[PDB]
Structure formats: structure tokens, C-alpha cells
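Ligands are counted one by one from 1 in listed order, and the atoms in each one are counted from 1 as well. In what follows, chains carry the letters A, B, and so on, assigned in the order in which the sequence lines appear, proteins first and then strands, with residues in each chain numbered from 1.
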There are 2 protein chains.
Amino acid sequence: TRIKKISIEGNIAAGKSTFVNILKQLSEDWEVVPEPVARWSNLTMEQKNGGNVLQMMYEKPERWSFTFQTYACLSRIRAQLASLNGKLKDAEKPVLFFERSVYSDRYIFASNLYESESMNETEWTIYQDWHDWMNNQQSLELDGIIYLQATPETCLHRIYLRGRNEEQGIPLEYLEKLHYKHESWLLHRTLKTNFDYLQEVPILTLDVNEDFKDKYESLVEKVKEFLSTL
Amino acid sequence: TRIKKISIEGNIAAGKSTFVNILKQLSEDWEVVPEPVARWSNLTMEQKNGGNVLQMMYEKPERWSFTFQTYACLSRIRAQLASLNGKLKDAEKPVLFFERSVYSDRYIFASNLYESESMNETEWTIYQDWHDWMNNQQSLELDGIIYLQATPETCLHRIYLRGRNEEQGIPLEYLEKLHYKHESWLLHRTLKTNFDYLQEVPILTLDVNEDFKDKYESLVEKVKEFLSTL
Ligand SMILES: CCCN(c1nc(-c2nccc(N)n2)cs1)c1cc(-c2ccc(CCN3CCN(C)CC3)cc2)ccc1C
Ligand SMILES: CCCN(c1nc(-c2nccc(N)n2)cs1)c1cc(-c2ccc(CCN3CCN(C)CC3)cc2)ccc1C
Ligand SMILES: O=c1ccn([C@@H]2O[C@H](COP(=O)(O)OP(=O)(O)O)[C@@H](O)[C@H]2O)c(=O)[nH]1
Ligand SMILES: O=c1ccn([C@@H]2O[C@H](COP(=O)(O)OP(=O)(O)O)[C@@H](O)[C@H]2O)c(=O)[nH]1
Ligand code: NA
Ligand code: NA
């Protein structure tokens, strides 16, 4: 049929990869596009570039933020378009779940890096110009967003559970800032973007503070109800 | 009709902008796309970004080369596509002359900046990946290339004639390196690219060592003969 495109949004270690890997197993009509940055954070040219860029980012964010953000967003568009053109062609009710979106790339991450002075004004204006044009040159437009809403403290604890060495230094204050941006964008809907259609996109907010790995049936029921409304 | 796409290639100050501004005046069926970098080197957001990036490049090329090259190539694709979709719709024999191409961006300039250590391997691999994908995601494929072939010494003298303050320090050695790349790509056809069709694209080589501003009729005759073969 026509593939429904749903973005899964949320803070670092809210449980997006966990949730998407749950969903993919529940229907042959359901496919997922993992976030390139998540895959880099685990042989391919993108993975080699991504692992180098991430390591350089941790060392010197004010040098590498523009390069990282442009490659993360390119990598995501390529991966989303490949799934959209590759998969679900025999499906009766096709749904593609994106682990985050080109909108979180710009309005959460790249925006935060500009706000932290890791990009200068020229880098940030080049990035927005690049993004505005790269997304118009639509096929990836979202039918819905699922917001996995967790407290900064939950996400800090989940960084600890996941155990990536590079992340154990990330402080609660950073997660608080990303949390505020997600709340402004997806709960209050106060954050202005350059994609008018986003103000009209339905949003499902799921509280994921309680562990769901062995107990996700209520969350998935909410997803199936939300999907039926689209 | 179908618009013929012709790239004008050549070293710094070979006379490309001069030649393109001559051609545009000779036919209502002929239009030109000036190089964004050339326009930055003279109020628009691109011009402000471009003027900042160029100035930063002269100060610290090993910091800004990746950012510059990505924005120069994006800016060119946008400008070429805008002309291709905007212009020549009532023309009987439409021709769009590009001041350089996405191929000179990568195989002349970005390649030289990698060779000079102004981009590291990751920057250069990200750039080529970005380029390979950004050009496939064809509408800008060239029908022909016109190579304005000038000696490094001619180009050094023409930098002097043009008088841009920032360029008066550019040394003959740099122009010699760019000259060699153009000769390898467009005369010897030894330079390998990732665009198979380029090996088959017709090339017209014009010697522009002699001043042509008041005496260009033989050059244009060669252009009209070349166009009739396409
Ligand atoms: C898991 C997070 C990875 N991540 C990013 N991830 C992204 C992204 N992810 C997915 C899609 C996308 N488009 N971007 C951007 S940055 C990331 C974050 C940092 C970083 C930035 C700031 C702080 C604050 C520390 N200071 C603040 C001053 N205080 C006085 C002391 C404490 C700490 C660490 C560094 C490197 C990377 C790589
Ligand atoms: C008119 C040229 C502008 N240009 C470029 N233009 C481009 C481009 N143009 C058009 C499309 C495109 N994609 N790229 C790339 S760099 C440019 C060139 C330089 C530059 C690089 C190297 C040297 C060598 C000097 N040293 C070498 C060591 N020796 C011991 C002493 C002498 C001197 C100057 C700096 C900034 C810019 C901006
Ligand atoms: O209900 C949950 C959700 C996540 N996690 C753990 O929290 C960490 C972060 O989850 P994930 O990678 O899914 O977070 P994302 O960054 O993808 O949002 C991982 O170690 C998960 O196994 C958990 O224990 N219970
Ligand atoms: O036959 C010519 C061609 C060019 N020029 C001058 O050479 C300089 C560089 O020309 P242009 O800007 O066209 O070079 P491009 O960088 O565009 O190849 C300018 O001052 C031109 O006016 C000239 O005097 N005679
Ligand atoms: Na599935
Ligand atoms: Na004309």
C-alpha cells in the first residue's frame, strides 16, 4: 500500500532502540530504520567514518560538530530512503518506524551544539541552509511521531545500564537540556520549525520511566490504536 | 526542447567568467550558471555564509576546507537545478553553460585540499560519500565540457589583472598543481572518477593564453561547431 512513516523520538537512552527492536518483531508489515549515530556507537565506509567522527567529537566538539551533524543527517536520509524504496512492497498495512528523524537531528542535536558554541553562526546557518535544501531535494514526511518521554534521571540511569565507556561522563545537566527541547517540540508544541506540516502531525506520548522490556503490551496497544487513527 | 548542459572548466583566472558572460549575450537560447564561489568572491544568506567561509579558508584552510567544499558544491547543485527548472522553456536550441561543475569541485579543488592535508582522511571520505550520494539523489549530467586551457603563468598574470586582494598571495606552484589536475582530467583523460559516463562526454579544448575579450569570434565559432556535434 502507501507506507506509513512514524518517527520514534526521545532523549538519550530513553529506550528508543529497545522499543523499535520490540516493534519490528510484532508484524511482518512493520520495519524499522535504526539511527546511523546509534549504529556507529555499537567495516562499512559509513561506520568507519562515523566511528572516527564520534571519537573526534568527544575530543573536540567545537571542531567536529558541523561535520558530525551533516554526516549523521545525510546517513539518516540515505538509510530512510533505502528502507522506503526497498521494503514492505507486499505488505497490506505497511509501517516504517524511524529511530529519530531529520527534525531531531536539526532541532534537538545540531541546535544544542550551536547553543553550546560547538558550532559558530556560519556553521549553524550553513547547516540549516543545507538541511532546508537537502530535505526538499516529500518522500520522508512523517504520518506520526511517537514520543518516548523519560525523566533526565531515568535516561542517566539508562546510560549507566547500557555501559558505553564514552557516555559515562555525560552529565544530568546535558540530558536536562535535551529533555527541555523535546518537551518544547513534542509536548507544548512551542518550538517553531521550518516544516509547516509538522504542526499538524499527530504525536503519541508514551511514558517509558517504568522498565518495559518484559512488560510492553500496554505501550504496543497504544501504538496500534494511534496507527488506526492515521 | 531538452536543455544541453555544458560545463566551462579551467584553472583559476583562465577567463571562465569572462567567457561565460560573452556567451550569454550571443543567443536568447543561451543561459549561464555562474560558480557560487566566484559570486562569493565579488546580502543573500548564501553570500554572507560564502564570504565568511572564504575569509576563514584563507586564515586556516585545514579547519575550513571540508565546510567550504561541502557548501560550494551544495550551492552549485542548487543554482544549476534552479536554472535547469527555471530557464530556457521557450528556447528552440537551449544551452546552459555551467561555470565549472560538481566534478571540478571534487576532482580539482576538494582533491587538492586533501592532497595539501587541509582535509584529513575522514573529512575526505565523508566528502566523497556525500558527493557520490548528493549527485545521485541524472538531471545535471553534462552533454559536453569546454576546457579553457591557459598556462599557470597566464593564470598568475590574470589573478594580477583581476586584483582581488586575498588572491595576490596565491603562488605559481599552486596554479601549476591545479593545471596538472585539469590536464590529467580533460586532456590526457587519465584521471579516474566515480561517474562512468564522464569518460564518454565530449571535450572541446580552447587555448585562451591570448587575450580574447575584444577578439573571441574564433573561440565562439569552435563552441558553435562543438554544440552542433552534440
Ligand atoms: C550520547 C550523546 C552523544 N553526543 C551527541 N550525539 C549527537 C547526536 N546524536 C544523534 C543524532 C544526532 N544528530 N546527533 C550530537 S552530540 C555527544 C555529546 C557530547 C557532549 C556534549 C556536551 C557535554 C556537556 C559536558 N560538560 C558541559 C560543561 N560543564 C561545565 C561540564 C560538563 C557532554 C558531552 C560529546 C560528543 C558526542 C558525540
Ligand atoms: C582563488 C583560489 C581560492 N581558493 C580555493 N578555491 C577553491 C574552490 N574554488 C572553486 C570551487 C571549489 N570547489 N573550490 C578551493 S581553495 C583558496 C586557496 C587557498 C590557498 C591554498 C594553498 C596555497 C599555497 C600557498 N603556500 C603553500 C606552501 N608554500 C610553502 C607556501 C605557499 C595558497 C592559497 C586558500 C583559500 C582559498 C579560498
Ligand atoms: O525499559 C527499558 C528500556 C531500556 N533499558 C535499557 O536502557 C538502556 C538504553 O536503552 P536504548 O538503547 O533503547 O536507548 P535509546 O538511546 O535507543 O533511546 C539500554 O541498556 C536498555 O537495555 C531498560 O533496561 N529498560
Ligand atoms: O582574455 C582575457 C580573459 C581574462 N582577462 C582578465 O583575466 C582576469 C580573470 O578572468 P576571469 O575572471 O574570467 O577568470 P576565471 O577565474 O573566471 O577563469 C580578469 O581580470 C579578466 O578581465 C583578460 O584580461 N583577458
Ligand atoms: Na517486522
Ligand atoms: Na542569453
Item checked: Note: A/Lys215-A/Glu210 ion pair, threshold 4.0 Å (strictly below) -> yes
Next item on the list: List the closest protein heavy-atom neighbour of atom 16 (O) of ligand 4: residue, atom name, distance to the nearest 0.1 Å.
Entry: B/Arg162 NH1, 2.8 Å
Checklist line | Per atom 14 (O) of ligand 3, closest listed option by heavy atom (A/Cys155, A/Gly163, A/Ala13) | finding: A/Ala13
Note to self: With the threshold set at under 4.0 angstrom, would you say A/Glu35 reaches ligand 3 through any of its heavy atoms?
What the structure shows: no
Check: Are A/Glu46 and A/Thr44 close enough that a side-chain donor and a side-chain acceptor fall under 3.5 Å?
Finding: no
Checklist line | Donor-acceptor side-chain pairing of A/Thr205 and A/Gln149 below 3.5 angstrom | finding: no
Check: What about B/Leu161: any of its N or O atoms under 3.5 Å from an N or O on ligand 4?
Finding: no
Notebook entry, point to check: Does any N/O atom on B/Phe19 come nearer than 3.5 Å to any N/O atom on ligand 4?
Noted result: no
Notebook entry, point to check: Does at least one non-hydrogen atom of B/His157 fall below 4.0 angstrom from an atom of ligand 4?
Noted result: no
Next item on the list: Look only at interatomic distance and state if A/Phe212 has a nitrogen or oxygen under 3.5 Å from any nitrogen or oxygen of ligand 3.
Entry: yes
Check: Does ligand 4 have any atom sitting under 4.0 Å from a heavy atom of B/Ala38?
Finding: no
Next item on the list: Return a yes/no value for B/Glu210: is any of its N or O atoms, backbone included, closer than 3.5 angstrom to an N or O of ligand 4?
Entry: no
Notebook entry, point to check: According to the interplanar angle, ranging from 0 to 90°, do the rings of B/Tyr71 and B/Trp40 count as parallel (below 30°), tilted (30 to 60°) or perpendicular (above 60°)?
Noted result: parallel
Next item on the list: Identify the protein heavy atom lying closest to atom 8 (C) of ligand 3, giving its residue, its atom name and the separation to 0.1 Å.
Entry: A/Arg158 O, 3.5 Å
Note to self: Which of the numbered atoms in ligand 4 are under 4.0 angstrom from any heavy atom belonging to B/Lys16?
What the structure shows: 13 (O), 14 (O), 15 (P), 16 (O), 17 (O), 18 (O)
Next item on the list: Check whether any N, O or S atom of A/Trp30 sits under 3.0 Å from the Na ion (ligand 5).
Entry: yes
